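Everything on this sheet refers to the single structure shown next.
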Amino acid sequence: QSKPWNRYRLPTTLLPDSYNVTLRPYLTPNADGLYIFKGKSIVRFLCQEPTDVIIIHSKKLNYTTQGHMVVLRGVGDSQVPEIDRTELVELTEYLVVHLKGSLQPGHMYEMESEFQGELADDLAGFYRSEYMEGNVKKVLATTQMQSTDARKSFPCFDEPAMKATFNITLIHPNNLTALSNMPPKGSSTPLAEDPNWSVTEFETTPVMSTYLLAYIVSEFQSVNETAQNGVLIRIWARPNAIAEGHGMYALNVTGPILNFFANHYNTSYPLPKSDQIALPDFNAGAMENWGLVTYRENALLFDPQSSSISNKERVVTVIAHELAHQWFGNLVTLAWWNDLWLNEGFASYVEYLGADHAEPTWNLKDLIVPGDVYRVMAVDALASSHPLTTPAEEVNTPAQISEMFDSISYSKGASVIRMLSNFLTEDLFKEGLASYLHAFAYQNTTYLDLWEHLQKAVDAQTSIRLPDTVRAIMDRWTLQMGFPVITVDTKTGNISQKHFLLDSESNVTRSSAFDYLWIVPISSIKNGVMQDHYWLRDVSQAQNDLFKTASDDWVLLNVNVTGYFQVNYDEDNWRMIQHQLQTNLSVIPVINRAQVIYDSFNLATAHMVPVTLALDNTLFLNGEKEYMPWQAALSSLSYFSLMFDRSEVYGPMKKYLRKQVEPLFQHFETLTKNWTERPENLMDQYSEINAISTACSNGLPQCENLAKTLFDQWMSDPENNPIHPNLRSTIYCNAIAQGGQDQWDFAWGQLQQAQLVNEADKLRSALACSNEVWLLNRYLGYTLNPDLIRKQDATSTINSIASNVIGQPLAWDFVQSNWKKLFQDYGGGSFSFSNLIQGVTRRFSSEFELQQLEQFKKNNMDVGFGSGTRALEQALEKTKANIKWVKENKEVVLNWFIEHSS
Amino acid sequence: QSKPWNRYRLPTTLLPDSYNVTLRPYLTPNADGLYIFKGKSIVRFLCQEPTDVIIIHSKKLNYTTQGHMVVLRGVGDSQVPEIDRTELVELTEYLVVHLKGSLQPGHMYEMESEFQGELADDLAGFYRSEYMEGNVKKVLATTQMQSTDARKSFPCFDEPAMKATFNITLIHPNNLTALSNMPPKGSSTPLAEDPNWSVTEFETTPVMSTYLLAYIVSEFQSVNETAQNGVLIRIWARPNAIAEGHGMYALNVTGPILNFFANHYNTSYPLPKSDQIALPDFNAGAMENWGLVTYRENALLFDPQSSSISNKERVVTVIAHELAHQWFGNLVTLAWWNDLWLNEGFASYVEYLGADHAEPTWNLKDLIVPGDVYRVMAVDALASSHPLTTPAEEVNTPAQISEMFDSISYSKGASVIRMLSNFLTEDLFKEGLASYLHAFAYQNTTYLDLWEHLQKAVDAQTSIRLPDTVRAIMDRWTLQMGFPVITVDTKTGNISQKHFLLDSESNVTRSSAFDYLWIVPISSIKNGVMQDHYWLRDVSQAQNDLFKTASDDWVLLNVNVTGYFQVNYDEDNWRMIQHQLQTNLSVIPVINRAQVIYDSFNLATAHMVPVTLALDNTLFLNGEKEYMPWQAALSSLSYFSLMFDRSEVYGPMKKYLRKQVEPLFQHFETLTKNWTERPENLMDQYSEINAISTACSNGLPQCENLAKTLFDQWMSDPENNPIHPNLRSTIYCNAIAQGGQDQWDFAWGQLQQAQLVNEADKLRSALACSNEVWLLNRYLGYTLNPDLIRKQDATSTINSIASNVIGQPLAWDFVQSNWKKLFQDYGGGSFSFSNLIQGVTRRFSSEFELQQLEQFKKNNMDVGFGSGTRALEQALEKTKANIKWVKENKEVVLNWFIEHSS
Amino acid sequence: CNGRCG
Amino acid sequence: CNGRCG
Ligand SMILES: *[C@@H]1O[C@H](CO)[C@@H](O[C@@H]2O[C@H](CO)[C@@H](O)[C@H](O)[C@H]2NC(C)=O)[C@H](O)[C@H]1NC(C)=O
Ligand SMILES: *[C@@H]1O[C@H](CO)[C@@H](O[C@@H]2O[C@H](CO)[C@@H](O)[C@H](O)[C@H]2NC(C)=O)[C@H](O)[C@H]1NC(C)=O
Ligand SMILES: *[C@@H]1O[C@H](CO)[C@@H](O[C@@H]2O[C@H](CO)[C@@H](O)[C@H](O)[C@H]2NC(C)=O)[C@H](O)[C@H]1NC(C)=O
Ligand SMILES: *[C@@H]1O[C@H](CO)[C@@H](O[C@@H]2O[C@H](CO)[C@@H](O)[C@H](O)[C@H]2NC(C)=O)[C@H](O)[C@H]1NC(C)=O
Ligand SMILES: *[C@@H]1O[C@H](CO)[C@@H](O[C@@H]2O[C@H](CO)[C@@H](O)[C@H](O)[C@H]2NC(C)=O)[C@H](O)[C@H]1NC(C)=O
Ligand SMILES: *[C@@H]1O[C@H](CO)[C@@H](O[C@@H]2O[C@H](CO)[C@@H](O)[C@H](O)[C@H]2NC(C)=O)[C@H](O)[C@H]1NC(C)=O
Ligand SMILES: *[C@@H]1O[C@H](CO)[C@@H](O[C@@H]2O[C@H](CO)[C@@H](O)[C@H](O)[C@H]2NC(C)=O)[C@H](O)[C@H]1NC(C)=O
Ligand SMILES: *[C@@H]1O[C@H](CO)[C@@H](O[C@@H]2O[C@H](CO)[C@@H](O)[C@H](O)[C@H]2NC(C)=O)[C@H](O)[C@H]1NC(C)=O
Ligand SMILES: [Zn+2]
Ligand SMILES: [Zn+2]
């Protein structure tokens, strides 16, 4: 009985067939500095059920249509009812056309409108972006429709399943270039009413979703290539970026990635061209618009001269991720936002596969484990987590839709899909994947459709046998939150599962239909030899001889952490794994060498092993040369450093880390020919970066020596930076720490003239490493000056200063003191008080510091705390948990480091 | 009508003639750990006026006399009245003997008592002192009567004018030594009631004051010498101290100092022997008991191997000071405590003369200027100051008497007496001094008696002419507080005086009978040539051509700062003095090179010159080799460092000081033959100490180099410390700052085994120089542990940590956090919250820090703040004054240092 | 979208 | 006395 225009979901009575859309951005503002765009559209739709109302989305559009807000016509010889009135309903973002009679099923109608909106600098819908070319401020027009902003650019049935073809036309200044999803139909032609403008028409899109449309007017230039099949590939950027060669790496990898996916998906790339564009400051990162993918510049462009290898890794993975969607997400589209996790989780997994194809020597696939698996496990091991799936009827408003785009959706999505591919086998997974894409091309699906297609492939073969249906298995991993710890007693081979929470005193109140039991694929290795695969059924406890060991035998579960779970053992089997790692580490796969560390520190947090057992698992690192296990140790120990770097625990901690890292430092010293040439592949470059960072930050004299020499050498010849980009962040930081105002002032001058964001970021970060109080305070004083520190870098800089053990009280005092830069930083920018608060309070671990934080909060009465309001409550609760952890752990940890630092 | 026993001053009706006193300390406590002494005394006194009451002092004595508390007899054939009753009146510290009839004028009486008191560890009266000899705890008995504690050891007429002879006997364990003012009469004899004890009787003292008595029972040993006139000189100390040779320097200087004073005073040393004794932890410093001077050990003993030159200076000056009193104070005694300033001020001046005699190459006399003159001017340039003189009738209670012993009495006393000697001439001063001592030997005086004798010498010659009587001149300097700034306009030769206050907004409410006008002796030098002497009369303004300059001429007043005043000039004459100092500094006496600095920074504080003019007066220091002017700069600038060392001002400040000190550092480097041999005389050694300290603390790479090399060398050979004691405090501190836990732990081990207080102090101080937060916090954690840091060193150590710019917030947090070590440190020791508060809050100069301090004070409700209660109010007011000064000065000072650091 | 999405 | 006196 509620009126349909007060419901958030569209009626199903009318479905779109095709749209004409003409947009005209005005890149010169009016007298008051208002920028607008104008548009005209015609939507052709079909009546499925009789209705006397048309409901279509519209947001922030003013209508200038002759008569009512629309004109309505019948297609062919269909009669059309007269319009009664048109109204806009802001809450549900609709244009509502009330008719004097009913539309008729089977008939098609055309609805024409003319409209205009602000071309705002708001990164939503059709919007403007401003950037500098030297003396000059440039302004371009571009789009971001995802999720519910297509309706902010033209009236449309703005739900992803309501697919249609689109004929786009841009009217633009005649010396600019216009781009959209499809190629232009031909040359631009002059606008007859004013030939300073031109008209660019684009070929008709395939049937597609509104959230994937894009159109862009700019001065950008491209580098290009024509693939063997005739697909034109272009990378677009600012003219100066193109001329500097910054588009080349993206161009290099794009062809191979597209080829890999066409093969992987058993489906031709569905469009005639691929454009990718680098936009200055695009806050969303990247967006997979079909045929015209947008990226933040620094994510797509690459400067070999000044960029690190991790930087390069980001380019190729971000590209692989977006290109993945050109089939999965765009060709076959999930019917509703509640299934976003499947689209984003799938892309978040297969980005590693596409990237690996482009860079096959880098072993990129391994990176999903620290990058996504352990990352998301940190938040999925909380009582406040949520299942991957959400009922569709609970996801209605644009705010509810936006909440779907979180860590769980992307990273747990990737993790469980990777698991599924693995227990299926890739070949079988790819077979059902192809079957799904072929059956649903240009249509819409739910996750159940993918499971059904995977089930079809399973049922068509005899080799891979499952303990249940694909759906029943995946239901355990998608309908309930969290994941299990699998615990093995190797004396008996008994194996158990329970819902893993980091906080052992947590009360879980979200109920599960499965009582937090999973069906779990368990690979295992015994004395370095793969064993037969095992499935744990939906039981708390089971037994198998696979997990039963002889006294000199060791067993280890979840090879390469393909399964979304963590593993604990009895202490004896732990000691055996330890012995192995100490005596021949190569017998255990590198990812599992990392797993042992990752898992045991989490288990210690949850009180399932002693903290000393986790520490014991780092003892092998003195002989470890590879990236991942060292990364596991460093990630798991940053909290220890945060908690203890002001205490008597720190001496022995640093001493221990120096001992462990010295042989690695030495190794690279020789391997790199005295640091003159980098290791060859990515993982080894990453290992070297970490080794140097660890050596320097823990006070290894030989690392300090290297940093001073290199920075001294740079200062004596500023135009020839002798420091490879991989090593800059450490070398800069350590040399600044060791030096005084000469190094600091030099780095400041370098910062002030840096042209490249990444180099500027490293300098800003390294400037916070000074051990002079006065330089840190002077630096803090600069953070609020937009002439010296960009406002968008202010909080990040303060946090870097806070990270310095000496800068901790300076930053904290500065923040409390200047808190009333909130009455000048909520309505004129965001700032991010939230991140600032977290950063500056991160160390707090005493009742004394807790009392201070409470007293600061007592500037309540007015001022409040805007967008980090509770980023302050979180700080109080975090500090309490820190006080408690430090109290339980201080003694034990102290004595362990003393005991193990020689 | 008030009863005389309720009045604080004794009657004048009875005067003592002579005393017998026998004291017996019991160095073994009873079962409950109570130590006592027993005594018996007989006082013979004469009746001047009839009275039926005897009032004598007694404090904390229990009487065990047969009958009443005393027995009273007539001398010779005098009858005596019967006693009615005896009572003790605690408030006024009297024993009151009420008689049944009157004593008769002209008759002598003997009053006998037997008594006992606690031999407490309270440093007052006859008291015990505990110290270790290895495994063993030793206990000795010693005395401190000054001011009103003779009455705590035996009943006596305990006022300094009531002089008498004393026959002392000590009853003591037979294997210990007994000492008193006079030599023993002969060998000790066994106590017949228990021959484990012996009896030592001493020769009769001269007529003397009760506050100068002493007697000591100990295991101490001596080194000795017999002077040419037969006076036996001995230095007494712990057996181990004597055997290590620590008594030798004191012995070396004592003979020459006694000879100098006998000549200076034109009066033979009035006793047959001189004993001086080094007591462990004697909190009063030194006490001039006639024939038996007591010192804190570390003030009398000297270890050449480990002691600095400043250390040596302290020994010889402290000895000269105490020996000075053996005539001035002890032979002629000021009648009442209100004239304490004359006794202590005189000794505080002539200590430099006696010491100079013993060390004639050291130029010690100059040291009174920074040591006493400018020191006391800091507190005498306050509205809250007080005149040297106090009416005798306002000084009654023991607390009122104790207030006489302050900086004004000692240091302004010294300053004005030095002035007086100078304008008289030493020869004439010494003539009246002799006349005074000869006229009043063994009697009592007031300051007016000295003036009268000086006037007699003036009147007996024709050379020195004064503008008024000695008394009228000295009245200006003794009856009103403070001192004038003398201001000269050299264009006209106009000269003015006004009462100088550091705070130009201060209201002076203490009235002066002279309207804060003085009669002022003014020496002057013009273009490096002495001019005729001038006296400014009691006028605000005068004119003389002595002070009128030609445009290229300069004039400078108060040669060697013999006058107790500061001097300002017009800017032109300042610039001329500056030019001179830059072009040939040697034309201006070294003390005046310092004066220009001292005076101008004070004038800047009081807003009489710009702060940049004071700074301008340091520009000459790059060519200055001598101690004093550099000391003036360093003293005047420590506040600038305190205020600015966390701010953007510090870089340019350090840069400026590096520039100024480098040529001096270089000079000593060559002069000392690469730091292998010290400069010859004291002032140059002091200059070298300061140069190194300044170079190192301001970051001169060559100083840091030296410190690291020397400490590295020490660490490689711990038993052979290669660092001369003069340089240790800097070298230790800088090397610890540069290093990490290796240097810190090494210095900590050295501290834990140090046998010598002075070396332990330097280590404790240097340990606070670490630039590692964690080491500073670990160190702070040690301060409350008596096993690691003596309680008496706790607050001092925390303050050293606070002095470190990095240790500032750590110490402040520690103090706030641990403030509830007040409910464990007021009744079990003092601690000195006062000094702690001052030290930790010393830097505060922002509204933010002021708010923190207020919030800390808000742990008011209970706990309070004991003995530093207001040392907290002072902190609030000081911080406000700091906020204000920093606000007015920051910009100007910043730009001056930038401008002058090249 | 990838990065900061809504 | 000299030093800390009363
Ligand atoms: C859309 O229409 C609205 C309302 O007509 C415009 O907003 C108004 O602008 C006027 C004049 O600039 C101001 O007085 C008001 O602030 C606005 N009125 C209301 C009711 O909000 C808006 O600018 C139009 N937008 C475009 C792109 O043309
Ligand atoms: C894009 O690919 C090309 C071709 O493989 C890479 O070109 C090489 O660049 C390196 C580094 O300067 C030179 O050693 C070679 O001479 C180049 N090879 C060829 C065939 O030209 C290029 O480096 C790639 N760009 C990026 C950013 O990775
Ligand atoms: C889709 O996959 C199919 C099935 O595997 C591919 O077709 C096979 O291609 C190979 C290549 O020579 C032939 O030998 C097989 O006989 C083919 N099988 C069938 C059933 O035709 C096909 O090439 C893939 N298509 C795309 C577009 O990738
Ligand atoms: C959403 O997707 C479904 C497919 O999963 C579409 O339904 C199919 O439509 C095709 C071709 O138009 C028919 O041949 C099939 O029989 C349909 N399959 C069904 C109903 O399961 C559906 O049309 C899409 N929804 C919208 C609004 O386009
Ligand atoms: C002096 O006399 C007083 C009082 O007779 C003694 O102090 C008393 O000691 C007793 C027993 O030790 C305790 O009950 C009390 O604490 C004290 N009583 C009073 C009234 O204070 C004191 O010890 C005597 N002193 C000496 C040196 O003999
Ligand atoms: C006490 O005086 C003596 C005699 O003047 C000083 O003795 C000299 O000591 C130095 C330093 O070791 C040697 O160079 C000389 O050989 C000694 N001279 C004589 C005559 O023995 C002694 O140093 C003085 N003590 C102190 C602590 O200053
Ligand atoms: C006290 O000072 C007097 C007076 O100056 C000293 O006596 C003089 O001593 C010299 C030494 O030879 C004689 O030449 C003079 O004739 C003496 N004058 C008189 C008046 O006697 C005396 O030596 C000093 N006494 C002491 C104890 O220091
Ligand atoms: C305090 O000192 C004065 C001297 O300033 C003493 O008075 C003198 O006593 C002597 C010798 O005993 C007489 O010959 C003088 O005539 C006195 N001079 C005077 C009275 O000015 C006085 O006795 C001392 N007071 C005490 C209590 O001893
Ligand atoms: Zn994506
Ligand atoms: Zn004295």
Side-chain angles (χ1 to χ4, degrees), chain A residues 21-41 58-65 88 90 93 113-145 149-155 170-179 191 193-200 214-220 238-240 277-284 294 296-297 757 784-794 821-832 866-867, chain C residues 4 6:
Chain A
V21 195
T22 300
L23 293 320
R24 183 176 180 179
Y26 288 71
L27 297 166
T28 297
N30 71 18
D32 309 308
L34 184 75
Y35 295 78
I36 68 179
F37 64 95
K38 297 186 186 193
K40 173 182 191 187
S41 187
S58 178
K59 182 177 172 180
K60 290 156 164 171
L61 290 176
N62 286 354
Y63 287 83
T64 58
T65 314
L88 293 162
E90 289 188 346
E93 302 172 352
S113 61
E114 257 180 43
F115 47 84
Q116 58 190 65
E118 188 180 352
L119 193 72
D121 69 326
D122 64 355
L123 294 109
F126 197 28
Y127 70 91
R128 77 175 183 274
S129 172
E130 307 179 2
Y131 69 93
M132 298 301 292
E133 203 186 59
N135 278 107
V136 203
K137 186 175 84 186
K138 304 276 175 195
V139 187
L140 58 81
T142 185
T143 53
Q144 173 72 8
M145 314 310 203
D149 283 310
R151 65 187 71 166
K152 192 174 176 279
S153 190
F154 65 99
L170 286 164
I171 301 174
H172 55 91
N174 66 20
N175 66 345
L176 302 184
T177 299
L179 300 170
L191 179 68
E193 309 99 88
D194 180 351
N196 288 328
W197 301 72
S198 291
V199 182
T200 302
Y215 29 84
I216 304 177
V217 174
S218 72
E219 285 185 358
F220 282 17
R238 295 177 290 100
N240 295 345
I277 186 162
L279 299 174
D281 279 325
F282 174 82
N283 284 324
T294 46
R296 184 194 320 258
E297 280 203 351
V757 193
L784 305 178
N785 186 350
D787 298 306
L788 306 172
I789 300 293
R790 290 144 65 196
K791 291 228 171 91
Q792 57 174 145
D793 293 340
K821 90 303 192 68
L822 184 139
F823 92 136
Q824 274 207 123
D825 284 321
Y826 187 101
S830 73
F831 177 80
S832 195
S867 55
Chain C
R4 216 131 70 200

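Residue numbering restarts at 1 for every chain, and letters A, B, ... go by the order of the sequence lines. The basis for the numbers below is simple: all heavy atoms, side chains too, and nothing from hydrogens, waters or symmetry mates.
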What's the spacing between A:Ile277 CD1 and A:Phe220 CZ if we round to 0.5 Å?
5.5 Å
Rounded to the nearest 0.5 Å, the CG atom of A:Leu191 sits from the NE2 atom of A:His172 at a distance of 10.0 Å
Tell me the side chain to side chain donor-acceptor pair (under 3.5 Å) pairs involving residues 119-128 of chain A, sequence neighbours left out?
A:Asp122-A:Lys152, A:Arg128-A:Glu130
What's the shortest heavy-atom distance between A:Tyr826 and A:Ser867, and which atoms?
CE1-N, 3.5 Å
Gap separating the CD atom of A:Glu118 from the CZ atom of A:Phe37, nearest 0.5 angstrom:
9.5 Å
Taking A:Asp194 for the side chain and A:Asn196 for the main chain, is one N or O donor matched with an acceptor at less than 3.5 Å?
yes
Out of curiosity, A:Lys40 NZ to A:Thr64 OG1, how far, rounded to the nearest 0.5 Å?
10.5 Å
Worked verdict on A:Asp281 versus A:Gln792 for side chain to side chain contact (heavy atoms under 4.5 Å, CB included)
CA-CA 11 Å; A:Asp281 279 325; A:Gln792 57 174 145; 4.1 Å; yes
What's the shortest heavy-atom distance between A:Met145 and A:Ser153, and which atoms?
CE-CB, 4.1 Å
Locate the shortest heavy-atom distance separating A:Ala124 from A:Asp149; write the atom from each residue and the value.
CB-OD2, 3.7 Å
Just so I know, are the side chains of A:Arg238 and A:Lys138 near enough to count as touching, which here means a heavy-atom distance under 4.5 Å?
no
Any donor-acceptor N/O pair, A:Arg24 side chain to A:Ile171 backbone, under 3.5 Å
no
So, A:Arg296 side chain and A:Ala284 main chain: donor-acceptor pair closer than 3.5 Å or not?
no
For the residue pair C:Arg4 and A:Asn283, establish whether any side-chain heavy-atom pair is separated by less than 4.5 Å.
yes
Scanning both residues in full, the closest heavy-atom pair of A:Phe115 with A:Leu23 reads CE1-CD1, 4.3 Å
Non-hydrogen atoms of A:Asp825 and A:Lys791 that approach each other most closely:
OD1-CD, 4.2 Å
As a quick check of understanding, evaluate side chain to side chain contact (heavy atoms under 4.5 Å, CB included) for A:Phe282 and A:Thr142, giving each step before the final call.
CA-CA 10 Å; A:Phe282 174 82; A:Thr142 185; over 6 Å; no
OG1 of A:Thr200 to OH of A:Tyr215, rounded to nearest 0.5 Å, is 14.5 Å
State, to 0.1 Å, how close A:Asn174 and A:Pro195 come at their nearest heavy-atom pair, and which atoms those are.
ND2-O, 3.1 Å
What's the verdict on side chain to side chain contact (heavy atoms under 4.5 Å, CB included) for A:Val139 and A:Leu119, showing C-alpha distance, side-chain angles and the deciding distance?
CA-CA 11 Å; A:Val139 187; A:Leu119 193 72; 5.7 Å; no
Once you round to the nearest 0.5 Å, how far does CG of A:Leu176 lie from CG of A:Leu140?
9.0 Å
